[PDB]
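*Asks:* Mind having a look at this structure? Questions to follow.
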Amino acid sequence: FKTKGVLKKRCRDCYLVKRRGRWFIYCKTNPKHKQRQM
Amino acid sequence: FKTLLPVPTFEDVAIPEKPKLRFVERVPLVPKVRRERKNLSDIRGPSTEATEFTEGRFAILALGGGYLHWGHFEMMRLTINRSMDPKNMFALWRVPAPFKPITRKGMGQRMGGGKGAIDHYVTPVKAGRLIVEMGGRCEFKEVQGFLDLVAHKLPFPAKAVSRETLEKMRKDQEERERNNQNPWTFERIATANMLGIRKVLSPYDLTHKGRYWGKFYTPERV
Amino acid sequence: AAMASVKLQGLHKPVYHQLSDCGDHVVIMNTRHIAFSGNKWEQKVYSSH
Amino acid sequence: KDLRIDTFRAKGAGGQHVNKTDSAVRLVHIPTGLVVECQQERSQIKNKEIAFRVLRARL
Amino acid sequence: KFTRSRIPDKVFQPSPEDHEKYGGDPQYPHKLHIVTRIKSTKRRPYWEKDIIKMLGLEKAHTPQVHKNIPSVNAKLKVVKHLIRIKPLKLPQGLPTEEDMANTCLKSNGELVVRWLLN
Amino acid sequence: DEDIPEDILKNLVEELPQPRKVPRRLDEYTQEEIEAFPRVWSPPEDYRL
Amino acid sequence: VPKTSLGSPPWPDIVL
Amino acid sequence: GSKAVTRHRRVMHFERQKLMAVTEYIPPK
Amino acid sequence: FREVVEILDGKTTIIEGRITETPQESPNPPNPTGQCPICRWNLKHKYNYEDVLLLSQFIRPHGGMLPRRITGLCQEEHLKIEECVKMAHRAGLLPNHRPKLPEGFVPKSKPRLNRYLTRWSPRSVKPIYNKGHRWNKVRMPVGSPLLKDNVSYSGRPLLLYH
Amino acid sequence: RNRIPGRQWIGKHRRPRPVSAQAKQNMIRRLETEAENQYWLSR
Amino acid sequence: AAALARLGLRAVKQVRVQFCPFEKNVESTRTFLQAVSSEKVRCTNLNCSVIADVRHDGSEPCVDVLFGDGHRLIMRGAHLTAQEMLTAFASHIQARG
RNA sequence: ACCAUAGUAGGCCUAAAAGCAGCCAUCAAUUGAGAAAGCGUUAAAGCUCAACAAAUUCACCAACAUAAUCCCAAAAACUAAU
RNA sequence: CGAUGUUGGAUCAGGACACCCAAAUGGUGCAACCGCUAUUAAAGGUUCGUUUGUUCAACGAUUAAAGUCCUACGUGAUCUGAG
Ligand SMILES: [K+]
Ligand SMILES: [K+]
Ligand SMILES: [K+]
Ligand SMILES: [K+]
Ligand SMILES: [K+]
Ligand SMILES: [Mg+2]
Ligand SMILES: [Mg+2]
Ligand SMILES: [Mg+2]
Ligand SMILES: [Mg+2]
Ligand SMILES: [Mg+2]
Ligand SMILES: [Mg+2]
Ligand SMILES: [Mg+2]
Ligand SMILES: [Mg+2]
Ligand SMILES: [Mg+2]
Ligand SMILES: [Mg+2]
Ligand SMILES: [Mg+2]
Ligand SMILES: [Mg+2]
Ligand SMILES: [Mg+2]
Ligand SMILES: [Mg+2]
Ligand SMILES: [Mg+2]
Ligand SMILES: [Mg+2]
Ligand SMILES: [Mg+2]
Ligand SMILES: [Zn+2]
């Protein structure tokens, strides 16, 4: 993951999802796109 | 099946020679050998110079006040030049070159002695003054994309605006002021000196109407 | 606790006075089934040293 | 990125001032490994100013 | 610098709905004021203190009657945020020399000539 | 819970009312109440719940 | 007739 | 005391805060 | 209402849909000219999480909520109904709208803690270890801001944050 | 744990004491009285 | 259609579609036919024959499939939606393979 | 969601420039599809987006870490408040 | 300023987490091994020596690791006085 402030989609396959009270950028093709709002 | 909407046509727009932004010098050609007082009224209050479009159709609107020095001019010039099409876009400066000197006394010395030496130069900018004006034969959607990046990096908060958008936010700052359902407004209380409020308010608050506090401009206050 | 505090102090008797020993016993049953409003079951904390 | 500054103390004679002041600078040039230390004046600003000048001259 | 406040004359232009709201008379202005001080002269400039002193409003919550001439109104506008102003109403008219001692001033702003007869 | 010694029970006088009205669940509503409350909308016949 | 919780005032009705 | 123009959203006098809260904008309902 | 039946009969699978009779809307609404069902029956700004008889008509048999397209509710009311259903489930109401899992009911757990007006979910809130003084106080939310437009007979505004 | 630097009512950093609903009503009641004050002085 | 291509239709022997185009509850069957007869689904087994039976008064829109294992999946789609029919078809492929 | 076929490696350019260094033009088959919006290739190939049809809840924007002896009144969303 | 005794060590350590080790995990230009980077966690632990009054730094040997910082840069009505 990468704790970041603002979430942006680096590729078209990234999908937003709200878990545990925070928004997470989860990506399937590229795991390096995983981001986590602080 | 959908509707084939018409496309805007831009054929009356003429691109001037050297459409890219002009280079701005770090220091004015003739330096100011006399150090003057740091006026702060040049930031406070609404702007009176360069509040309307002249040639272009898009511009960066300055919502707040602040100082621009040579560093910000480089950021604005380099970003726009490498991100636009010189054939279809032309840009124009709406602020002068840095001319107001800023003084910085030496590191670690007791107060006193006098004003220090001139360090750099800045350009005062008020609220509502256009910074960079761009025009061309292209729509606003693509121009807005690379102008918000420039506006975000400015000291004062700013937005990328066009001719239609600027009029809409000015025609809505009057409708929101005409239909206000609150009997008491800052303009009525301050001017009439109700509750003896003039002891707390500043003499400039008569003109600012409560929308300006220091260098900060809140557009939602009526 | 709001109504229980009043009964313990005696603030319901028109003969109330702090110096006097007026006070009423209160018996509270089914205290395992209290219902905290909102998310106070996980947010409110009780601390001691 | 190429300079590591160790604000250690100095040795001299200043009474309470020396015992309670980190008036010394140890400049270390990370790419090369040179160590330049300046603890001449009383203020760290003066020591830091000279240390930078000496490091450039020696390089 | 903090100085005196100049009140523009546009403030004192009543709307047509003002008369119906406050019970004023559209044609004939009232004749006498009833002035009652509400706030304190402390934490206020010195020029407001003198105007309060020279209007007989030293003691708060005590009604005082003044004329409606512009000379008095000029001073009231300075301290209009420290006083309460109501018109003086005369249901029985001006008292005569016989009924001077039986006068009483009600809270609503009317002067009753004969108070608690017999 | 409701496990009070007989000594305490014999001392009681009156019971204070509950400060919060406990809402009733769906299964606690009688069939007369269910039929009384109007049906707000008419779902389509072809939808699968 | 709707019978919502807030449909009717909580206080008891009075008939003088 | 600070200058008239600062960088930190100068805190208003408490009397002025009440003025800024009683002169708000209420959209029509 | 339509239901799907899947049958296995000797290496042959048959899938068919059957239509079940559906209850209809009540004949006479007080406000026939309304658009969405909520304001058609004068229920606007008059329901809360307690009104189970209303929230039990816009939910699925297994606790889910029907889409806005089928019901016809306006977006403003649909979110408010969605919030109330979430609060109703956490409050302990609607006990027959949970899915059936015979294997999971036997292993009981810690007894349920009674709650109501829970804005968030029980597993997504962290303890407030450092509360703070009165000038910077972390207030525990109760209820939802979507229900601040409800009618107040007392006249005092509802205290959402306490 | 959290302190207000210096004195809590003077200086650059102060106490965040907000305006209350009671304070708003007090301002309005005074404003209504003064609105009537400047009408009786008009004519 | 895209779902079927990723799931390996090579294990399906024969698919037939019997529907009456003049009826009202055959829209779902039409969508199922077009999804399974797409170009992507076709290019997975060049032995599979898709049959589009057309009648008028049959009044029974139905789909019949035979898997490689030898099971007979027949679903009479008249009230089912296109998504329900395709999803059931997709589910049986993984189990029977 | 679904869906991709013509002149044609357009001219020039380059060791090779096939919609996809650059220059130049930006016409044209098909009811429908840009001498190309993105990715990719040494160059090709290939994937995706605009246009076919199908079909129709809504969708501009609003995310921001921590300090040192022990957290800090207790608590409360509606019985009527200028 | 009718006195708040001032560097370093010795003894005893209290606390923070912006974690050096120990435990769990995401990413990689992560095959494995050795690494780089990010999230979570402070109950316990964080060596002995040559030169310098030294804190700091250099060097020898080792360790799972030899953390950063606050505490009147903790601690002289407990000691030391080399500076
Ligand atoms: K900014
Ligand atoms: K302060
Ligand atoms: K090319
Ligand atoms: K002293
Ligand atoms: K420790
Ligand atoms: Mg000496
Ligand atoms: Mg001052
Ligand atoms: Mg203090
Ligand atoms: Mg304050
Ligand atoms: Mg397309
Ligand atoms: Mg961190
Ligand atoms: Mg306490
Ligand atoms: Mg003494
Ligand atoms: Mg020690
Ligand atoms: Mg310790
Ligand atoms: Mg941490
Ligand atoms: Mg570890
Ligand atoms: Mg010490
Ligand atoms: Mg010592
Ligand atoms: Mg001693
Ligand atoms: Mg001591
Ligand atoms: Mg000595
Ligand atoms: Zn991605």
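Within each chain, counting starts at residue 1; across the structure tokens, chains are named A, B, ... in the order shown, with ligands numbered 1 upward in that order.
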Could you list the protein, DNA and RNA residues that have any atom within 10 Å of ligand 3, counting only C-alpha atoms (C1' of nucleotides) and all ligand atoms, and write them as number ranges by chain?
*Replies:* L: 13, 17-22
*Asks:* Give me, as a list in words, the set of residues whose atoms come within 10 Å of any atom of ligand 19, counting only C-alpha atoms (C1' of nucleotides) and all ligand atoms.
*Replies:* residues 6, 7, 8, 9, 75, 76, 79, 80 and 81 of chain M
*Asks:* When you look at residue 76 (chain I) with a cut-off of 12 Å (counting only C-alpha atoms (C1' of nucleotides)), what residues show up, excluding the ones that are within fewer than 6 positions of it in the same chain? I need them as a VMD selection string.
*Replies:* (chain I and resid 36 38 to 39 44 to 45 68 82 to 83 146 to 147 149) or (chain L and resid 58)
*Asks:* Output C-alpha atoms (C1' of nucleotides) for every residue in the selection just made, as a PDB file, in the first residue's frame.
*Replies:*
```pdb
ATOM      1  CA  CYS I  36     -42.610   9.986  -5.201  1.00  0.00           C
ATOM      2  CA  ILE I  38     -43.074   9.285   0.359  1.00  0.00           C
ATOM      3  CA  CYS I  39     -44.544  12.721  -0.383  1.00  0.00           C
ATOM      4  CA  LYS I  44     -42.366  13.883   4.112  1.00  0.00           C
ATOM      5  CA  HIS I  45     -40.252  14.866   7.137  1.00  0.00           C
ATOM      6  CA  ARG I  68     -34.434   3.529  -6.458  1.00  0.00           C
ATOM      7  CA  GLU I  82     -31.328   4.037   3.163  1.00  0.00           C
ATOM      8  CA  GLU I  83     -29.873   5.633   6.296  1.00  0.00           C
ATOM      9  CA  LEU I 146     -29.836  13.364   6.781  1.00  0.00           C
ATOM     10  CA  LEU I 147     -32.606  13.361   9.423  1.00  0.00           C
ATOM     11  CA  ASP I 149     -35.020  18.168   8.513  1.00  0.00           C
TER      12      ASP I 149
ATOM     13  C1'   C L  58     -28.270   9.167 -10.586  1.00  0.00           C
TER      14        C L  58
END
```
*Asks:* Can you tell me which residues surround region 11-14 of chain G at a distance of at most 10 Å, considering only C-alpha atoms (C1' of nucleotides), apart from same-chain residues fewer than 4 positions away, and format the answer as number ranges by chain?
*Replies:* I: 153-154; L: 79-80
*Asks:* Please check which protein, DNA or RNA residues sit within 12 Å of ligand 12, counting only C-alpha atoms (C1' of nucleotides) and all ligand atoms, and write them as a PyMOL selection string.
*Replies:* (chain C and resi 45-49) or (chain I and resi 131-133) or (chain L and resi 70-74)
*Asks:* Filtering to N, CA and C atoms (P, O5', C5', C4', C3', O3' and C1' of nucleotides), could you give me those residues as a PDB file, in the first residue's frame?
*Replies:*
```pdb
ATOM      1  N   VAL C  45     -14.664   5.800  26.397  1.00  0.00           N
ATOM      2  CA  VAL C  45     -13.684   5.025  27.145  1.00  0.00           C
ATOM      3  C   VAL C  45     -13.673   5.490  28.593  1.00  0.00           C
ATOM      4  N   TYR C  46     -13.435   4.544  29.496  1.00  0.00           N
ATOM      5  CA  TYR C  46     -13.290   4.820  30.919  1.00  0.00           C
ATOM      6  C   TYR C  46     -11.845   4.555  31.309  1.00  0.00           C
ATOM      7  N   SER C  47     -11.185   5.567  31.860  1.00  0.00           N
ATOM      8  CA  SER C  47      -9.760   5.508  32.139  1.00  0.00           C
ATOM      9  C   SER C  47      -9.498   5.717  33.623  1.00  0.00           C
ATOM     10  N   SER C  48      -8.482   5.022  34.125  1.00  0.00           N
ATOM     11  CA  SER C  48      -8.068   5.146  35.512  1.00  0.00           C
ATOM     12  C   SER C  48      -6.585   4.831  35.607  1.00  0.00           C
ATOM     13  N   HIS C  49      -5.963   5.308  36.681  1.00  0.00           N
ATOM     14  CA  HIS C  49      -4.540   5.106  36.906  1.00  0.00           C
ATOM     15  C   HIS C  49      -4.341   4.443  38.258  1.00  0.00           C
TER      16      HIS C  49
ATOM     17  N   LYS I 131      -9.763  12.466  24.382  1.00  0.00           N
ATOM     18  CA  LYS I 131     -10.969  13.246  24.137  1.00  0.00           C
ATOM     19  C   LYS I 131     -10.640  14.715  23.891  1.00  0.00           C
ATOM     20  N   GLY I 132     -10.185  15.419  24.919  1.00  0.00           N
ATOM     21  CA  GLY I 132      -9.802  16.808  24.751  1.00  0.00           C
ATOM     22  C   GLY I 132     -10.654  17.697  25.620  1.00  0.00           C
ATOM     23  N   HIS I 133     -10.194  18.932  25.776  1.00  0.00           N
ATOM     24  CA  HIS I 133     -10.884  19.877  26.642  1.00  0.00           C
ATOM     25  C   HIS I 133     -12.078  20.482  25.902  1.00  0.00           C
TER      26      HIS I 133
ATOM     27  P     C L  70       2.102   9.071  32.523  1.00  0.00           P
ATOM     28  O5'   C L  70       0.564   9.427  32.726  1.00  0.00           O
ATOM     29  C5'   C L  70      -0.420   8.947  31.817  1.00  0.00           C
ATOM     30  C4'   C L  70      -1.771   9.573  32.066  1.00  0.00           C
ATOM     31  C3'   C L  70      -1.801  11.100  32.035  1.00  0.00           C
ATOM     32  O3'   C L  70      -3.034  11.540  31.473  1.00  0.00           O
ATOM     33  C1'   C L  70      -2.558  10.333  34.140  1.00  0.00           C
ATOM     34  P     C L  71      -3.043  12.725  30.389  1.00  0.00           P
ATOM     35  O5'   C L  71      -4.427  12.542  29.628  1.00  0.00           O
ATOM     36  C5'   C L  71      -4.516  11.750  28.454  1.00  0.00           C
ATOM     37  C4'   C L  71      -5.948  11.405  28.142  1.00  0.00           C
ATOM     38  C3'   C L  71      -6.945  12.541  28.296  1.00  0.00           C
ATOM     39  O3'   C L  71      -6.984  13.399  27.169  1.00  0.00           O
ATOM     40  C1'   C L  71      -7.770  10.625  29.394  1.00  0.00           C
ATOM     41  P     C L  72      -7.250  14.971  27.358  1.00  0.00           P
ATOM     42  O5'   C L  72      -8.804  15.057  27.683  1.00  0.00           O
ATOM     43  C5'   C L  72      -9.323  16.107  28.483  1.00  0.00           C
ATOM     44  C4'   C L  72     -10.392  15.602  29.416  1.00  0.00           C
ATOM     45  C3'   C L  72     -10.920  16.602  30.432  1.00  0.00           C
ATOM     46  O3'   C L  72     -11.911  17.454  29.880  1.00  0.00           O
ATOM     47  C1'   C L  72     -10.428  14.557  31.512  1.00  0.00           C
ATOM     48  P     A L  73     -12.763  18.445  30.816  1.00  0.00           P
ATOM     49  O5'   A L  73     -13.976  17.548  31.321  1.00  0.00           O
ATOM     50  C5'   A L  73     -15.096  18.138  31.964  1.00  0.00           C
ATOM     51  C4'   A L  73     -15.453  17.409  33.234  1.00  0.00           C
ATOM     52  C3'   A L  73     -16.352  16.193  33.082  1.00  0.00           C
ATOM     53  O3'   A L  73     -15.638  15.023  32.718  1.00  0.00           O
ATOM     54  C1'   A L  73     -17.172  17.569  34.818  1.00  0.00           C
ATOM     55  P     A L  74     -16.288  13.949  31.714  1.00  0.00           P
ATOM     56  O5'   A L  74     -17.538  13.373  32.514  1.00  0.00           O
ATOM     57  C5'   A L  74     -17.359  12.560  33.664  1.00  0.00           C
ATOM     58  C4'   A L  74     -18.673  12.278  34.346  1.00  0.00           C
ATOM     59  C3'   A L  74     -19.737  11.614  33.485  1.00  0.00           C
ATOM     60  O3'   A L  74     -19.569  10.211  33.393  1.00  0.00           O
ATOM     61  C1'   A L  74     -20.687  13.443  34.637  1.00  0.00           C
TER      62        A L  74
END
```
*Asks:* Please run DSSP on the backbone and report, as a VMD selection string, all residues within chain K that come out as helix (DSSP H, G or I).
*Replies:* chain K and resid 2 to 6 9 to 11 27 to 36 39 to 42 82 to 95
*Asks:* Could you dump the residues just selected with C-alpha atoms as a CSV table (one decimal), in the first residue's frame?
*Replies:*
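Output file again.csv follows:
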```csv
chain,number,residue,atom,x,y,z
K,2,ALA,CA,-17.7,-11.4,-22.7
K,3,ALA,CA,-18.3,-13.5,-19.6
K,4,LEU,CA,-18.8,-16.7,-21.6
K,5,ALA,CA,-15.6,-16.2,-23.6
K,6,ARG,CA,-13.4,-16.0,-20.6
K,9,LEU,CA,-17.1,-22.7,-23.7
K,10,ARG,CA,-15.0,-25.6,-25.1
K,11,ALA,CA,-16.7,-28.0,-22.7
K,27,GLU,CA,-37.2,-10.7,-25.2
K,28,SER,CA,-35.1,-12.4,-22.6
K,29,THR,CA,-34.6,-15.4,-24.8
K,30,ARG,CA,-33.5,-13.2,-27.7
K,31,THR,CA,-30.8,-11.5,-25.6
K,32,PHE,CA,-29.6,-14.9,-24.4
K,33,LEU,CA,-29.3,-16.1,-28.0
K,34,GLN,CA,-27.3,-13.1,-29.1
K,35,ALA,CA,-24.9,-13.4,-26.2
K,36,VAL,CA,-24.2,-17.1,-26.7
K,39,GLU,CA,-18.2,-14.1,-32.4
K,40,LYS,CA,-16.0,-14.4,-29.3
K,41,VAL,CA,-18.1,-17.4,-27.9
K,42,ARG,CA,-18.1,-19.1,-31.3
K,82,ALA,CA,-31.3,-12.3,-19.6
K,83,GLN,CA,-28.8,-11.9,-16.7
K,84,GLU,CA,-30.4,-14.8,-14.8
K,85,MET,CA,-30.2,-17.1,-17.8
K,86,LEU,CA,-26.6,-16.3,-18.6
K,87,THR,CA,-25.5,-16.5,-14.9
K,88,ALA,CA,-26.9,-20.0,-14.5
K,89,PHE,CA,-25.3,-21.1,-17.7
K,90,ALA,CA,-21.9,-19.8,-16.5
K,91,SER,CA,-22.3,-21.4,-13.1
K,92,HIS,CA,-22.8,-24.9,-14.5
K,93,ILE,CA,-19.7,-24.7,-16.8
K,94,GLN,CA,-17.3,-24.4,-13.8
K,95,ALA,CA,-18.9,-27.2,-11.8
```
*Asks:* Would you name the residues within 9 Å of ligand 16, counting only C-alpha atoms (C1' of nucleotides) and all ligand atoms, and put them as JSON, numbers by chain?
*Replies:* {"L": [66], "M": [17, 18, 19, 39, 40, 41]}
*Asks:* Tell me the residues of chain A close to chain M, meaning within 6 Å using only C-alpha atoms (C1' of nucleotides), as a list in words.
*Replies:*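 Putting it all together, I get residues 1, 2 and 32 of chain A.
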*Asks:* Quick one: residues within 7 Å of ligand 23, with only C-alpha atoms (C1' of nucleotides) and all ligand atoms, as a ChimeraX atom specification?
*Replies:* /A:9-14,27-30,33
*Asks:* Suppose we keep C-alpha atoms; can you now write the selection as an mmCIF file, in the first residue's frame?
*Replies:*
```
data_model
loop_
_atom_site.group_PDB
_atom_site.id
_atom_site.type_symbol
_atom_site.label_atom_id
_atom_site.label_comp_id
_atom_site.auth_asym_id
_atom_site.auth_seq_id
_atom_site.Cartn_x
_atom_site.Cartn_y
_atom_site.Cartn_z
ATOM 1 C CA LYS A 9 -6.692 6.271 -10.360
ATOM 2 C CA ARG A 10 -3.378 5.542 -12.073
ATOM 3 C CA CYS A 11 -5.006 3.053 -14.475
ATOM 4 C CA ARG A 12 -8.544 2.392 -15.662
ATOM 5 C CA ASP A 13 -8.810 -0.843 -13.643
ATOM 6 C CA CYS A 14 -8.469 0.845 -10.236
ATOM 7 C CA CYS A 27 -6.042 -2.575 -8.267
ATOM 8 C CA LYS A 28 -5.960 -6.083 -9.732
ATOM 9 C CA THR A 29 -3.616 -5.831 -12.729
ATOM 10 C CA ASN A 30 -1.004 -3.596 -11.052
ATOM 11 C CA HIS A 33 -1.538 1.142 -7.544
#
```
*Asks:* Counting only C-alpha atoms (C1' of nucleotides) and all ligand atoms, what are the residues, protein, DNA or RNA alike, that approach ligand 4 to within 7 Å? I want them as JSON, numbers by chain.
*Replies:* {"M": [1, 3, 4]}
*Asks:* Enumerate residues in contact with ligand 10: an atom-to-atom distance of at most 9 Å, counting only C-alpha atoms (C1' of nucleotides) and all ligand atoms. Format the result as a PDB file with N, CA and C atoms (P, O5', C5', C4', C3', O3' and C1' of nucleotides), in the first residue's frame.
*Replies:*
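The result, written out as result_21.pdb:
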```
ATOM      1  P     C L   2     -20.330  -6.671 -22.488  1.00  0.00           P
ATOM      2  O5'   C L   2     -20.648  -6.419 -24.027  1.00  0.00           O
ATOM      3  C5'   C L   2     -21.833  -6.929 -24.622  1.00  0.00           C
ATOM      4  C4'   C L   2     -22.208  -6.150 -25.857  1.00  0.00           C
ATOM      5  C3'   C L   2     -21.194  -6.168 -26.992  1.00  0.00           C
ATOM      6  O3'   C L   2     -21.272  -7.335 -27.793  1.00  0.00           O
ATOM      7  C1'   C L   2     -21.882  -3.948 -26.598  1.00  0.00           C
ATOM      8  P     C L   3     -19.932  -7.995 -28.390  1.00  0.00           P
ATOM      9  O5'   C L   3     -19.372  -6.897 -29.400  1.00  0.00           O
ATOM     10  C5'   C L   3     -20.080  -6.566 -30.585  1.00  0.00           C
ATOM     11  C4'   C L   3     -19.550  -5.300 -31.215  1.00  0.00           C
ATOM     12  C3'   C L   3     -18.111  -5.343 -31.701  1.00  0.00           C
ATOM     13  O3'   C L   3     -17.976  -5.967 -32.967  1.00  0.00           O
ATOM     14  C1'   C L   3     -18.475  -3.350 -30.482  1.00  0.00           C
ATOM     15  P     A L   4     -16.761  -6.980 -33.246  1.00  0.00           P
ATOM     16  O5'   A L   4     -16.340  -6.668 -34.750  1.00  0.00           O
ATOM     17  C5'   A L   4     -15.000  -6.330 -35.075  1.00  0.00           C
ATOM     18  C4'   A L   4     -14.882  -4.880 -35.472  1.00  0.00           C
ATOM     19  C3'   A L   4     -13.468  -4.346 -35.634  1.00  0.00           C
ATOM     20  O3'   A L   4     -12.903  -4.660 -36.894  1.00  0.00           O
ATOM     21  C1'   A L   4     -14.734  -2.838 -34.329  1.00  0.00           C
ATOM     22  P     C L  49     -13.148  -0.023 -24.925  1.00  0.00           P
ATOM     23  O5'   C L  49     -12.977   1.541 -25.170  1.00  0.00           O
ATOM     24  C5'   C L  49     -12.726   2.422 -24.085  1.00  0.00           C
ATOM     25  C4'   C L  49     -12.449   3.823 -24.565  1.00  0.00           C
ATOM     26  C3'   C L  49     -13.486   4.420 -25.500  1.00  0.00           C
ATOM     27  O3'   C L  49     -14.619   4.920 -24.812  1.00  0.00           O
ATOM     28  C1'   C L  49     -11.327   4.812 -26.371  1.00  0.00           C
ATOM     29  P     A L  50     -16.010   5.109 -25.590  1.00  0.00           P
ATOM     30  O5'   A L  50     -15.813   6.473 -26.386  1.00  0.00           O
ATOM     31  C5'   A L  50     -16.738   6.867 -27.383  1.00  0.00           C
ATOM     32  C4'   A L  50     -16.139   7.884 -28.320  1.00  0.00           C
ATOM     33  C3'   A L  50     -16.837   8.028 -29.663  1.00  0.00           C
ATOM     34  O3'   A L  50     -17.974   8.871 -29.599  1.00  0.00           O
ATOM     35  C1'   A L  50     -14.509   7.831 -30.005  1.00  0.00           C
ATOM     36  P     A L  51     -19.456   8.248 -29.670  1.00  0.00           P
ATOM     37  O5'   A L  51     -19.596   7.760 -31.176  1.00  0.00           O
ATOM     38  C5'   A L  51     -19.621   8.694 -32.243  1.00  0.00           C
ATOM     39  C4'   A L  51     -19.646   7.997 -33.578  1.00  0.00           C
ATOM     40  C3'   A L  51     -20.740   6.960 -33.760  1.00  0.00           C
ATOM     41  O3'   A L  51     -21.996   7.524 -34.099  1.00  0.00           O
ATOM     42  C1'   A L  51     -18.683   6.052 -34.466  1.00  0.00           C
ATOM     43  P     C L  52     -23.339   7.013 -33.376  1.00  0.00           P
ATOM     44  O5'   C L  52     -23.758   5.712 -34.194  1.00  0.00           O
ATOM     45  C5'   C L  52     -23.161   4.455 -33.912  1.00  0.00           C
ATOM     46  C4'   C L  52     -23.274   3.505 -35.077  1.00  0.00           C
ATOM     47  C3'   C L  52     -24.556   2.689 -35.128  1.00  0.00           C
ATOM     48  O3'   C L  52     -25.603   3.391 -35.774  1.00  0.00           O
ATOM     49  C1'   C L  52     -22.678   1.265 -35.427  1.00  0.00           C
TER      50        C L  52
END
```
*Asks:* Check every protein, DNA and RNA residue against ligand 15, keep those with an atom at most 12 Å away (counting only C-alpha atoms (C1' of nucleotides) and all ligand atoms), and present them as a list in words.
*Replies:* residues 12, 13, 14, 15, 16, 42, 44, 45, 46, 71 and 74 of chain M
*Asks:* Within 12 Å of ligand 22, counting only C-alpha atoms (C1' of nucleotides) and all ligand atoms, which protein or nucleic acid residues do you find, written as a PyMOL selection string?
*Replies:* chain M and resi 53+81-83
*Asks:* Keeping N, CA and C atoms (P, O5', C5', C4', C3', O3' and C1' of nucleotides) for every residue in the selection just given, could you write it to a file as a PDB file, in the first residue's frame?
*Replies:*
```
ATOM      1  P     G M  53      42.122  15.126  28.539  1.00  0.00           P
ATOM      2  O5'   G M  53      40.658  14.984  29.146  1.00  0.00           O
ATOM      3  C5'   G M  53      40.465  14.623  30.505  1.00  0.00           C
ATOM      4  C4'   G M  53      39.070  14.953  30.974  1.00  0.00           C
ATOM      5  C3'   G M  53      37.939  14.485  30.076  1.00  0.00           C
ATOM      6  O3'   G M  53      37.614  13.121  30.260  1.00  0.00           O
ATOM      7  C1'   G M  53      37.557  16.724  30.766  1.00  0.00           C
ATOM      8  P     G M  81      36.566  14.999  43.623  1.00  0.00           P
ATOM      9  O5'   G M  81      36.659  16.077  42.459  1.00  0.00           O
ATOM     10  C5'   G M  81      37.253  15.742  41.213  1.00  0.00           C
ATOM     11  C4'   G M  81      37.130  16.862  40.210  1.00  0.00           C
ATOM     12  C3'   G M  81      37.634  18.225  40.682  1.00  0.00           C
ATOM     13  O3'   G M  81      38.309  18.881  39.612  1.00  0.00           O
ATOM     14  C1'   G M  81      35.370  18.394  40.008  1.00  0.00           C
ATOM     15  P     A M  82      39.900  18.722  39.471  1.00  0.00           P
ATOM     16  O5'   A M  82      40.069  17.584  38.368  1.00  0.00           O
ATOM     17  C5'   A M  82      41.284  17.421  37.651  1.00  0.00           C
ATOM     18  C4'   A M  82      41.025  17.099  36.199  1.00  0.00           C
ATOM     19  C3'   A M  82      40.414  18.226  35.381  1.00  0.00           C
ATOM     20  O3'   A M  82      41.401  19.101  34.867  1.00  0.00           O
ATOM     21  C1'   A M  82      39.188  16.227  35.027  1.00  0.00           C
ATOM     22  P     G M  83      41.281  20.684  35.098  1.00  0.00           P
ATOM     23  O5'   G M  83      40.270  21.149  33.964  1.00  0.00           O
ATOM     24  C5'   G M  83      40.433  20.715  32.622  1.00  0.00           C
ATOM     25  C4'   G M  83      39.207  21.027  31.806  1.00  0.00           C
ATOM     26  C3'   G M  83      38.720  22.462  31.910  1.00  0.00           C
ATOM     27  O3'   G M  83      39.398  23.333  31.024  1.00  0.00           O
ATOM     28  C1'   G M  83      36.912  20.997  32.294  1.00  0.00           C
TER      29        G M  83
END
```
*Asks:* Find the residues near ligand 9. Use a cut-off of 8 Å, count only C-alpha atoms (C1' of nucleotides) and all ligand atoms, and write them as number ranges by chain.
*Replies:* H: 11-14; J: 9-10, 14-18
*Asks:* Counting only C-alpha atoms, a student should be able to say which residues of chain K come within 7 Å of chain I; what is the right answer, written as a PyMOL selection string?
*Replies:* chain K and resi 71-77+79-80
*Asks:* Near residue 39 (chain C), within 9 Å and counting only C-alpha atoms (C1' of nucleotides), which residues show up once chain neighbours fewer than 2 positions away are dropped, as a PyMOL selection string?
*Replies:* (chain C and resi 36-37+41-44) or (chain I and resi 115-122+125+140-142)
